[PDB]
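Visitor:
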Amino acid sequence: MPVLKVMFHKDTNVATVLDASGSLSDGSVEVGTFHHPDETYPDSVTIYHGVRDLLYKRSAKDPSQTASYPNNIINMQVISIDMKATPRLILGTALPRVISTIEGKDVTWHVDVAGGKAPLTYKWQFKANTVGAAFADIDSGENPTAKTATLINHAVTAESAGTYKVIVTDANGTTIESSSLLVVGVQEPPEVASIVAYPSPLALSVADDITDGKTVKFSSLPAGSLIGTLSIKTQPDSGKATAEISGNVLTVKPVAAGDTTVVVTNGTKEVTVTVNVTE
Amino acid sequence: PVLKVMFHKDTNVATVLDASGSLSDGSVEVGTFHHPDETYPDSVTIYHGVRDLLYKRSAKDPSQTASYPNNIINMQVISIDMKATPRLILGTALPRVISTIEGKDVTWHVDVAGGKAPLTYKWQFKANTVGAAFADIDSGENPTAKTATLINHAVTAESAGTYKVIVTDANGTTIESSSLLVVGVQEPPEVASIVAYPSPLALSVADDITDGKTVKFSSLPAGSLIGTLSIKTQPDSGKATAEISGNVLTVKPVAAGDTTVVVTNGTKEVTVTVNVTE
Amino acid sequence: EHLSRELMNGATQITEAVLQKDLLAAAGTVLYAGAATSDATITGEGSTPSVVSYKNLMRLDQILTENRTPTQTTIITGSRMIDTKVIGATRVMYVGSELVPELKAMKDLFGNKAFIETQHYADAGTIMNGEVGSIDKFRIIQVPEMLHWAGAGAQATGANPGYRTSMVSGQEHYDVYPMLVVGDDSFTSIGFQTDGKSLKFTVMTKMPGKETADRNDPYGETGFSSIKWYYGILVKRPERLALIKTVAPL
Amino acid sequence: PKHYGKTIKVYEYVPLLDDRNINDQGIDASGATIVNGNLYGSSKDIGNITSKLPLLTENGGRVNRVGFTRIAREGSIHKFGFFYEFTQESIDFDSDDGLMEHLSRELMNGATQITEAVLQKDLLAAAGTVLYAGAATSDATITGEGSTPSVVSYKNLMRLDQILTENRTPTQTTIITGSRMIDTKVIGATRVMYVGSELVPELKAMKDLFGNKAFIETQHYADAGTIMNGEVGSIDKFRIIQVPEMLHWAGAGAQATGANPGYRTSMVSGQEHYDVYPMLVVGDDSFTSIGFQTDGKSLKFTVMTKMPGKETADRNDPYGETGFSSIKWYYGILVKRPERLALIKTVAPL
Amino acid sequence: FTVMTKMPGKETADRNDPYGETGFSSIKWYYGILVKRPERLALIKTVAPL
Amino acid sequence: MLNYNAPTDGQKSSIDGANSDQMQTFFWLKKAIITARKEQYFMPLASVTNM
Amino acid sequence: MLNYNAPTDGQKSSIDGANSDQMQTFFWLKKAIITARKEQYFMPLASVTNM
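Residue numbers (the authors' numbering), protein chains in the order written: chain A, 1 to 279; chain B, 2 to 279; chain C, 152 to 401; chain D, 52 to 401; chain E, 352 to 401; chain F, 1 to 51; chain G, 1 to 51.
1) Would you call the stretch 262 to 274 of chain A and the stretch 218 to 234 of chain A touching, i.e. three or more CB-CB distances under 8 Å?
2) Please name the residue, chosen from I47(B), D11(B), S200(B), that lies closest to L4(B) on a Cα-to-Cα basis.
3) In whole angstroms, what separates the C-alpha of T308(D) from that of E323(D)?
4) For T16(A), I'd like the list of residues in its chain whose CB is within less than 7 Å of its CB, leaving aside the five on either flank, ordered along the chain.
5) Less than 7 Å between the C-beta atoms of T130(A) and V111(A), yes or no?
6) Taking the straight line between their C-alpha atoms, what separation do you get for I195(A) and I90(B)?
7) In chain order, which continuous runs of the beta strand (DSSP E) of length 3 or greater are located wholly inside the stretch 230 to 255 of chain B?
8) Using the C-alpha atoms, what's the distance from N367(E) back to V14(A)?
9) When the Cβ atoms of the stretch 345 to 355 of chain C are set against those of the stretch 377 to 388 of chain C, are three or more pairs found closer than 8 Å?
10) Can you give the Cα-Cα distance for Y56(A) and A18(G), rounded to whole angstroms?
11) Between which two residues does the alpha helix (DSSP H) carrying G197(C) extend?
12) Using a Cβ cut-off of 7 Å (strictly closer), state whether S68(B) contacts chain D.
13) When we look at the beta-carbon of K240(A) and count the other beta-carbons within 10 Å, is it buried (16 or more) or exposed?
14) Could you check which residue in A187(D), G313(D), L392(D), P400(D) has the C-alpha nearest to that of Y245(D)?
15) With a Cβ-Cβ cutoff of 7 Å, do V156(B) and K269(B) count as a contact?
16) Name the chain B residues that come within less than 8 Å of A18(G), Cβ to Cβ?
17) With DSSP as the reference, label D62(A) as helix, strand or coil.
18) Which residues does DSSP list as the beta-bridge partners of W380(D)?
19) Going along chain D, which residues have a C-beta under 7 Å from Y48(A)?
20) Give, in chain order, every unbroken run of the beta strand (DSSP E) that is at least 3 residues long and sits entirely within the stretch 316 to 376 of chain C.
21) Around the C-beta of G262(C), are 16 or more other C-beta atoms found within 10 angstroms, so that it is buried, or is it exposed?
22) Using 8 Å as the cut-off, can you tell me whether the stretch 313 to 333 of chain D makes contact with the stretch 297 to 304 of chain D, which would need three or more C-beta pairs spanning the two stretches below that distance?
23) At the level of alpha carbons, what is the spacing between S100(B) and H153(C)?
24) Please state the DSSP three-state secondary structure of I47(B).
25) Have a look at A158(A), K61(A), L226(A) and flag the residue whose alpha-carbon is nearest the alpha-carbon of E103(A).
26) Counting only Cβ-Cβ distances shorter than 9 Å, please list the residues of the stretch 2 to 28 of chain G near chain F, keeping chain order.
27) Tell me the DSSP bridge mates of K217(A)?
28) Quick test of your reading: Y183(C) and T235(C), contact by CB under 8 Å. State the CB separation rounded to the nearest angstrom.
29) Going by DSSP in three states, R290(C) sits in which element: helix, strand or coil?
30) According to DSSP, is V251(C) part of a helix, a strand, or is it coil?
31) Between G77(D) and chain F, is any beta-carbon pair separated by less than 7 Å?
32) Taking buried to mean at least 16 other C-beta atoms within 10 Å of its own C-beta, is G118(D) buried or exposed?
33) Report, in whole angstroms, the separation of the C-beta atoms of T215(B) and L250(B), which I expect to be a contact under 8 Å.
34) First and last residue of the alpha helix (DSSP H) that includes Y205(C)?
35) Does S155(D) come out as helix, strand or coil in the three-state DSSP assignment?
36) What separation, rounded to the nearest whole angstrom, lies between the Cα atoms of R88(A) and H9(A)?
Here is the structure:
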């Protein structure tokens, strides 16, 4: 509810509605002030109802003085209203009240705001579903979309679940806000049905690969299953190759030409990597 | 709170204990559950929790887990022994809204059962202003803020807000209730008159020459704004002198005989008769 | 419907209160309880508190007899039921609910119970509407909306033995409560266009629609409802309006 | 009705001249916006009323605008029930072949008693007009010793009737104007009050404002007026009904010491405290009972019985030796006019 | 649509215009929609040639 | 278990998700509570002289 | 002026005090929206041999 001043020219019968910091030097007399988005009934009244209320308390022979009925300014058909104040801020596109997603999907919020004094700035916040959690500014440095009208939270995990709020401010400092609840649906990870090795077979050259070796990466099936801790169950033939595992990466180094195998396990599933060593 | 459950194979006795409790009678730990339930606080209870915990343990050996039909499911022979702290229950909740007017005393009272004694009470207040958070009502000026009953004398328009009481037991378990206080406010009536007391003012030259005597002013009706008082007409300077500060007139005798002081607030007047004796 | 009923109820209550205030202010025969001589001296503490007494009622009856205020009720000469009492009350007194316990605790000249309850004489005489009993000369009628002067008495302190007080200018003062006798021919109501009644309400209601569509509101979205009337009284015999000013217990 | 949750809500419309009527519609007689739109509200002060009169001039105008308000009351129902179990041998080998009839009769009697107790407890907790005997201001300050014990007096009954008259609680009885039988008395009672057996002796020893016996026994006016069931007598404005199962707050009062002149006490946490006893008035239209599927009754009992046999032969009892019988119901009340429920709290003699 | 019309004359004579020289005509209505199955509303957004 | 829970206290039923709630959490008793008009004792006492 | 305001958005009507609100802030359309059963294409192709 920014407060708006109202001034009244008695000869032109023109009411100029200005900002509180505003002024007019045309022979207009201040007739009062009123909150435009009314503070109790913001959508039940407009500027007209405010000018009609301020002019009823002023004299129709000298608007600078006050008066009572039937000697007050009360015919509004003869009165014009000249708006020179900042337009009211209006959320044209509000955020959905609830967005429902699944883990790993990108979400996008978007607000459209009309009115106000350009430029309109934007500030996205987030409250956790945790206990006694308070709205906190989303890092506009890390996520550069949190300083704009459209926030984008890529690959939302369960921790993303919670209330998002945008705060739009005008050049005068008037604000307006919108909020959305994010629900991030979660499913138990599938059990591992198999481990996949890539590349398999692994081709090595004694001439080229003796120093650094080559790597095999492991993944679980179905995709998104927890592969667990990998270990070598069966080492390669030490006369053909050596093998070491770190995380989900097997490094294999050649020793001499000929074929060998490495068996990798997570304790429940096994995968054999065939290793072909050339000269 | 989290309740630990112990089961005794030979006696079919399930013992419910605090998270830190323990037994040494051969009972084995079967699991733990939240009481009250976090999602359905008033739809299940300790019996349901114990049944759910027992459903997933072997009947042959409660230490091991098992599936139906080799699990403990016959509750008719299971005796539940309660040794954990009783659930904290709000016996008498506060009235969600209290309506009153300025100058009235307001009392809030809460009754709480269960928990580990002794209980402690802490009241909080949140103003109606934007962004105002709950703040503890200092128990110093208002001792009642430490007890189950809170008394606020002569509430005012600034007392309107939400009042909350937090009750904590010896184990740190908390339960709270809140109430909204609405204070009816009305325009103060216009001053219809000023009253002076004492009037008449009796002075003695012998006794009152140094300090004088005082007259206090009040407005009618009671609660009207008296405004700024001033002396409109001074007493006869040969009989008395008068000075006014706030709502108090000080009058000093000079010589025996009667005089008057007229005091005004700019709209109303009151005459104080002053009788000076030797 | 709720709003209209409430508006009419408020109007009638306001008229009753205004008439009562005028009658209280027009009293010519004013008696002060205790040693009080004015409103500011009405005090509930001290050695002679301003509490109505049996002798105060006797003297009020004496004053009403000296100026020849006509009596309103006839004495009750008794019935044949056991435990019934005869009543010599001939005048009607109006008091608020606050004073009734004080009147019930009153002692007569011999230290006995002066207040007689209606059941002791309901068989022999008609009980008036709102009557709570009688004292020697007055039949007491309790008025639900009896007014009083809040904080119009003396300043109260911690010595207050339990009488009502109001906050005035940040200080506590004793309330003053009326005990009113409305003598015959004492006053009359000035009926202007009231068709023989003391009052007449004029209710104007306009509902939203084409009735309220106007240059100021082409859509006619708003309506209103108003009530107005005229009222006045002429005090003919101010001495026939007798008043006792006293404190009341908590 | 079904499918509306467990709660009933109702509106209460406040009068214009009432302190609860808080609104922003107020415009005073000069046309200025004012903070209150209820005129002078519930004030009885002459000075305040005069300053807020709706005075009107010949010019009319937008002066003396008022507003209105309404309130919402609510009440809800709760679930109750209990049961017992038995075996086949407890029936077949028992000496008394009528044991089950006794057990079922006792179960139903207990259920009815429990419902009565719960209703009484709710009515006592919902009282809007609470009066404390002596100089007490709460339960914890109710004391039987000291210079002013919290014993109900003639003045407390007088004040309770006064309060019930100011708030316009309807009366329940009419006065008795006497008879021609010698030794009878006239009764001015107009309200009904409920007390326990423990308070009656204290009431029968009560003195009026002038030292005379305040309590009047029923035989002194039974000739001229109907005696209510459970009535023991009358004091001033109240006809006293003795309730056999009246409830009390045991040990809820102040700490009791050797100075106790003979009032009842209970041990609380190893310490002796005075008991608090109620005197209850149930005004008309003060409350109603919420009947969920009760066919117009305030309550309905559901009884579920299974006897030993194939009806209870099961994976848990392959032999069908056990049986059970249970009872359950719903109950709740909606307090419409809490001020019409009046209560006096006092100590009682031993 | 609700149409309100008041022609000049006695119908519009008032202390504001004692002569009743003006009239007016207004039209008003209420409107709204409830979206049951939003996914069945499909939209392509594109530029258009001059 | 599908529980009704306590919707009026913010405890949603099992059937209601983040974007749903009970349509009817209470039953409305449509007969309102009203106070009667205050009594008048002095108005009946007034005689009328026509103006 | 007594205004309806926007009760659904937290703006109480002029008639509702701190203790009251609107009993009916919306109308419930009791005919619910449901999704049809998914189609089957391989089950019809299956012949059956008794076990």
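Note that the Cβ used here is the ideal one computed from N, Cα and C, for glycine as well.
Guide: The relevant details are as follows:
1) Touching, yes.
2) To locate residue 4(B), count along the second sequence from 1; it is residue 3. Taking only the C-alpha atoms, the option nearest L4(B) is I47(B).
3) For the purposes of this step, residue 308(D) is identified with residue 257 of the fourth sequence, where counting begins at 1. For the purposes of this step, residue 323(D) is identified with residue 272 of the fourth sequence, where counting begins at 1. The straight-line gap from Cα to Cα measures roughly 7 Å.
4) On the first sequence, residue 16(A) is found 16 positions in, with the first residue counted as 1. Hits under 7 Å: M7, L24, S28, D82, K84.
5) Against the first sequence, residue 130(A) aligns to sequence position 130. Against the first sequence, residue 111(A) aligns to sequence position 111. No; because the gap between Cβ atoms is not below 7 Å, this pair is not in contact.
6) Taking the first residue of the first sequence as position 1, residue 195(A) is located at position 195. Taking the first residue of the second sequence as position 1, residue 90(B) is located at position 89. Whole-angstrom Cα-Cα distance: 53 Å.
7) 231 to 234, 241 to 246, 249 to 254
8) Here residue 14(A) refers to the residue found at position 14 when the first sequence is read from its first residue. Here residue 367(E) refers to the residue found at position 16 when the fifth sequence is read from its first residue. Taking the straight line joining both Cα atoms gives about 17 Å.
9) yes
10) For the purposes of this step, residue 56(A) is taken as residue 56 along the first sequence, with counting starting at 1. For the purposes of this step, residue 18(G) is taken as residue 18 along the seventh sequence, with counting starting at 1. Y56(A) and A18(G): Cα-Cα distance of roughly 31 Å.
11) The residue given as residue 197(C) occupies position 46 in the third sequence. No alpha helix (DSSP H) contains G197(C), which DSSP labels as neither H nor E.
12) The residue labelled residue 68(B) in the question sits at position 67 within the second sequence. False, the Cβ-Cβ gap to chain D never drops below 7 Å.
13) Position 240 of the first sequence, counting from 1, holds the residue named residue 240(A). Label assigned to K240(A): buried.
14) In the fourth sequence, residue 245(D) corresponds to position 194, counting from 1. Among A187(D), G313(D), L392(D), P400(D), the Cα nearest to that of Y245(D) belongs to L392(D).
15) Against the second sequence, residue 156(B) aligns to sequence position 155. Against the second sequence, residue 269(B) aligns to sequence position 268. No; because the gap between Cβ atoms is not below 7 Å, this pair is not in contact.
16) Against the seventh sequence, residue 18(G) aligns to sequence position 18. Contact of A18(G) with chain B by beta-carbon distance below 8 Å involves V98, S100, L181, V183.
17) Taking the first residue of the first sequence as 1, we reach residue 62(A) at position 62. Looking at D62(A) - three-state DSSP - the assignment turns out to be coil, as it is neither helix nor strand.
18) Stepping through the fourth sequence from its first residue, residue 380(D) is reached at position 329. Partner(s): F131(D).
19) For the purposes of this step, residue 48(A) is taken as the residue at position 48 of the first sequence. The premise fails here: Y48(A) is roughly 17 Å from chain D at the closest Cβ pair, so nothing lies under 7 Å.
20) 316 to 319, 322 to 325, 328 to 333, 338 to 342, 353 to 357
21) The residue given as residue 262(C) occupies position 111 in the third sequence. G262(C) is exposed by the Cβ-count criterion.
22) yes
23) As a working note, residue 100(B) is residue 99 in the second sequence. As a working note, residue 153(C) is residue 2 in the third sequence. The alpha-carbon atoms of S100(B) and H153(C) are separated by roughly 22 Å.
24) On the second sequence, residue 47(B) is found 46 positions in, with the first residue counted as 1. Residue state, collapsed to three classes: helix.
25) Here residue 103(A) refers to the residue found at position 103 when the first sequence is read from its first residue. The shortest Cα separation from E103(A) among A158(A), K61(A), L226(A) belongs to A158(A).
26) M23, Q24, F26, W28
27) By one-based count along the first sequence, residue 217(A) stands at place 217. For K217(A), which the question treats as bridged, DSSP gives the partners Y198(A), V249(A).
28) The residue you call residue 183(C) lines up with position 32 of the third sequence. The residue you call residue 235(C) lines up with position 84 of the third sequence. Not a contact, Cβ separation roughly 36 Å.
29) Taking the third sequence and counting its residues from 1, the one referred to as residue 290(C) is at position 139. The three-state secondary structure of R290(C), taken from DSSP, is strand.
30) Counting from 1 along the third sequence, the entry for residue 251(C) is found at position 100. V251(C) falls in the helix class under three-state DSSP.
31) Within the fourth sequence, residue 77(D) is the residue found at index 26, counting from 1. It does not: the Cβ of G77(D) has no partner Cβ on chain F nearer than 7 Å.
32) Here residue 118(D) refers to the residue found at position 67 when the fourth sequence is read from its first residue. Buried, because 16 or more other Cβ atoms sit within 10 Å of the Cβ of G118(D).
33) In the second sequence, residue 215(B) corresponds to position 214, counting from 1. In the second sequence, residue 250(B) corresponds to position 249, counting from 1. Right, their Cβ atoms sit about 7 Å apart.
34) Position 54 of the third sequence holds residue 205(C). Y205(C) -> alpha helix (DSSP H) spans 205 to 217.
35) For the purposes of this step, residue 155(D) is taken as the residue at position 104 of the fourth sequence. The answer is helix: DSSP assigns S155(D) an H, G or I state.
36) Translated into positions along the first sequence, residue 88(A) becomes position 88. Translated into positions along the first sequence, residue 9(A) becomes position 9. Straight-line Cα distance between these residues: approximately 24 Å.
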